[PDB]
Every structure is written in C-alpha cells, then in structure tokens.
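Participant: in the first instance, please consider these chains from the complex; the rest will follow:
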Amino acid sequence: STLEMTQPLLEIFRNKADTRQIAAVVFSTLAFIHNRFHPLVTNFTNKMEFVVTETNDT
C-alpha cells in the first residue's frame, strides 16, 4: 500500500505496459525479505537495471 498504492496485481503484471512497476515490485519484495530475515542490515546499495524476457526459449 505504501508502494505507490499498489495497483491490481495480475493485470499490473500482465500487458507489457511498463517494465518500471515490475522492477519496483521485484526490488521492494526483495528488500522486504531482506528486512524480515534480518532488520539488522536494512538494505543493500548496488544499483542495476533488470531484464525481462519474452520467450519459452529462456
């Protein structure tokens, strides 16, 4: 809810509309797990882009 008032999930993941929200979902969920397993080291710096792929061949 804090994350930009997360919008309807399955279609938000559908439709190839915008990579941005997909990447944000991924990053935020990963940070959430990081925090749950240990709040002691709250986060991790390294920036990067991320890949979507569109083929069974992967």
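Facilitator: Sure, I can see it. Residues are numbered from 1 along each chain as shown, chains lettered A, B, ... in the order given.
Participant: helix, strand, or coil at residue A:4?
Facilitator: At residue A:4 the chain is in coil, as set by DSSP: H, G, I helix; E, B strand; the rest coil.
Participant: kindly report the same for residue A:24.
Facilitator: Quick answer, by three-state DSSP: residue A:24 is helix.
Participant: distance of it relative to residue A:12?
Facilitator: 10 Å (C-beta to C-beta, to the nearest Å). Just so you know, the C-beta spots here come from the backbone N, C-alpha and C atoms, and that holds for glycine as well.
Participant: separation between the residue nearest to the spatial centre of chain A and residue A:45?
Facilitator: Within chain A, one residue has its C-alpha closest to the average C-alpha position: by C-alpha atoms, centre = their mean, that is residue A:26, at 1.6 Å. Distance from residue A:26 to residue A:45, counting by C-beta to C-beta: 17 Å.
Participant: quick check: closest non-adjacent residue to residue A:31.
Facilitator: residue A:43 (6.1 Å; C-beta to C-beta, 6 or more residues apart in numbering).
Participant: identify the residues contacting that neighbour.
Facilitator: By C-beta atoms under 8 Å, 6 or more residues apart in numbering, the residues touching residue A:43 are A:31, A:34, A:35.
Participant: how about the last one, nearest residue that isn't a chain neighbour?
Facilitator: Here the nearest residue to residue A:35 in space, its sequence neighbours aside, is residue A:42; by C-beta to C-beta, 6+ apart that works out to 6.1 Å.
Participant: onto the same structure, chain B please:
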Amino acid sequence: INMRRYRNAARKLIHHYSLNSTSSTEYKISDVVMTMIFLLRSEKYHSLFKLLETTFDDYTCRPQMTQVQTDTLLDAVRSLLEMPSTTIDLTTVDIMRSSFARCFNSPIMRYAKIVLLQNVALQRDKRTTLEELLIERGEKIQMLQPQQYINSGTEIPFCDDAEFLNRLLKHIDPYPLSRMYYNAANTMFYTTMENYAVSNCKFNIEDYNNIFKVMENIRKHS
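Facilitator: Chain B added:
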C-alpha cells in the same frame, strides 16, 4: 437426455486435465462418457469430437486443420470452457489427448491406479539434460541489455500505522487458512514441471525432496 448435466461434467473434466485442477476425484468413466455424448450432440464441435475420438496408437493423417479451422476450434474451446481469458496453445490439448490415449489403453480396474506421473508426450524429437541447461545458457541475456533502471519512489520505505493495518487485518481474519496454499502453492508449483515443455528433460523427485529436510530445521533448532 440431460445435455445440461453432461456439459456440466465435461467442463469440469476440461479444467481437470488442462490446468489449475484444484478438484479432487474428478474422474468418472460414466461422466467422461456423458462428455463424449455431449460432444456428439455438439454438431458445431464435431470437428473436435472426431479429433478426440481419433486418439489411438495410429494417428497418421492428424487433422491437419487450416489455421482458420484451428482458430475456430480454439473459439469453440473457449466458448466451452467459458473461461476465455486466455487461448491455450493446442499442444496442451494434444497432451490431454495423449492422456486420453492412456485412458483407452487401460484394462485397469478396482486397483487404485492414480496416474501418478506427468505425461511425456510433448516431444519434438530432441534430448535435454541438466548440465545442458548451462548450454541453453544466458548467451541471450548477454545479447540483451536490461531495459532500464531509475531512481523514483526511491530507496527504503517502511510500514504504515499498525492500527490501520489491524483494521485491514480484520477483513482477513474470516478467511480460511492453508487451503489457500493447498490450492495455489501445491497445484501451481507442482505443475511448473510444465517447463519441461522444452523437449522434456526429465523431472527429478530428488531436489523436490529438499522441502522436508530444509523446512525441518526450524523446529529441529528452535
């Protein structure tokens, strides 16, 4: 002639063999017979009915439909599942057909022969291996740049009002529990073996057996 009832069984059978078959003990030979009768009645679907009856260890001169005919067939399929949100690839349907072939080739009786297998009928005359997964490789990934990165909504958010979140929780309390898993987690991530649709490298029970020995540690070490 309860065409209605027969259809009602049929749709269940369709879902049971296709996907997300949350149901249990769906199988009933009388019911599938009613399905076949419904198909016969379905003049519009006679194409699919004949295709399905064709299921035997011969299968030379497959239907060889024109793409138009295949499209109309998919239209029928969606109109008959009445859950059209996707058109599945024909190959899943042919795989269910192969399962029906197993059903035919079965003098199998009171013994509780659960099929207890993922059918290997997806083949395209190819062979596949786990270390060969490294050869399937991410050379493609190297050939693609990742789409983008940006700082917006940036960095490290944190939790909202506990009391408001309890307000929301109260809507969650009514719902059952762990049946959600038994539906979604069980079915979905079992059937993820569908990924072997790529020239069917065999599944390996072994690593899935991780689950007990890995989760046990919580209790084992308090």
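Participant: chain B added, so what about the contacts of residue A:43 now?
Facilitator: Residue A:43 is in contact with A:31, A:34, A:35, B:155, B:156, counting by C-beta atoms under 8 Å, 6 or more residues apart in numbering or on different chains.
Participant: the first one reaches residue B:156, doesn't it?
Facilitator: Going back to what we said before, that points to residue A:31. Yes: using C-beta atoms under 8 Å, residue A:31 makes contact with residue B:156 at a distance of 7.0 Å.
Participant: and chain B, which of its residues are near chain A?
Facilitator: B:136, B:140-141, B:144-153, B:155-160, B:197-198 (C-beta under 8 Å from any C-beta of the partner chain).
Participant: could you check which residue of chain A lies nearest chain B?
Facilitator: Going by C-beta to the nearest C-beta, chain B is nearest to residue A:49 of chain A, at 3.5 Å.
Participant: isn't that residue up against residue B:144?
Facilitator: No: in this structure residue A:49 lies outside contact range of residue B:144 using C-beta under 8 Å: 10.5 Å.
Participant: if we can go back for a sec, out of the residues of chain B next to chain A, which are buried?
Facilitator: residue B:198 (16 or more other C-beta atoms under 10 Å in any protein chain shown).
Participant: the residues of chain B next to chain A in helices, which ones?
Facilitator: B:136, B:140, B:141 (DSSP state H).
Participant: contacting residues around the first one?
Facilitator: Contacts here follow C-beta under 8 Å, 6+ apart; on that basis residue B:136 touches A:57, A:58, B:198.
Participant: same thing but at 6 Å, please
Facilitator: Not one residue lies near residue B:136 by C-beta atoms under 6 Å, 6 or more residues apart in numbering or on different chains.
Participant: throw chain C onto that model:
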Amino acid sequence: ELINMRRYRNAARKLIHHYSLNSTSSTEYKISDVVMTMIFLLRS
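Facilitator: Adding chain C to the chains above:
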C-alpha cells in the same frame, strides 16, 4: 538500375520479425541491415 531488393527484403523481414517480437536489442544484426530495411520500404 541494379539493386538486390531480394536479399535486402529477406534480411529485413527476418529482422522485423525477431525485433518486433523480442521488443529488445539486436546484437546479431546491424545498422546497415535496418538501413536496407528502410531502403526496401522506400522502393516498395
């Protein structure tokens, strides 16, 4: 006049297929190739 519209179209079609479906980068293919694509499209 002499132009190999044939091979140009061939590579161009192959290009457009994979490119428009991958929606992403084309390390196998070259600027010369997209150029011939637009050349075909001008002459056709």
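Participant: please re-evaluate the contacts of residue A:43 in the presence of chain C.
Facilitator: Residue A:43 sits next to residue B:156 when contact means C-beta under 6 Å, 6+ apart.
Participant: just the element for it, please.
Facilitator: Using DSSP states H and E, residue A:43 maps to neither a helix nor a strand.
Participant: what number of residues lie near residue A:3?
Facilitator: 15 (other C-beta atoms under 10 Å in any protein chain shown).
Participant: how about the residue of chain A found nearest chain C, what does it touch?
Facilitator: Ranked by C-beta to the nearest C-beta, the top residue of chain A for proximity to chain C is residue A:54, at 6.4 Å. Going by C-beta under 6 Å, 6+ apart, residue A:54 touches no other residue.
Participant: I'd like to know how far it sits from residue C:18.
Facilitator: Plainly put, residue A:54 is 11 Å away from residue C:18 if you go by C-beta to C-beta.
Participant: next secondary structure after the longest helix anywhere in chain C?
Facilitator: If you go by DSSP H, chain C has its longest helix at helix C:5-22. Downstream of helix C:5-22, the first helix or strand assigned by DSSP H and E is helix C:31-43.
Participant: tell me what that following helix is packed against?
Facilitator: Packed against helix C:31-43 by the contact rule (3 or more C-beta pairs under 6 Å, 6 or more residues apart in numbering or on different chains; DSSP states H and E) you find helix C:5-22.
Participant: what separates the one residue in chain B that gets nearest to chain C from residue B:116, distance-wise?
Facilitator: Here chain B gets closest to chain C at one residue, residue B:143, 4.3 Å apart by C-beta to the nearest C-beta. Applying C-beta to C-beta, the value for residue B:143 to residue B:116 is 41 Å.
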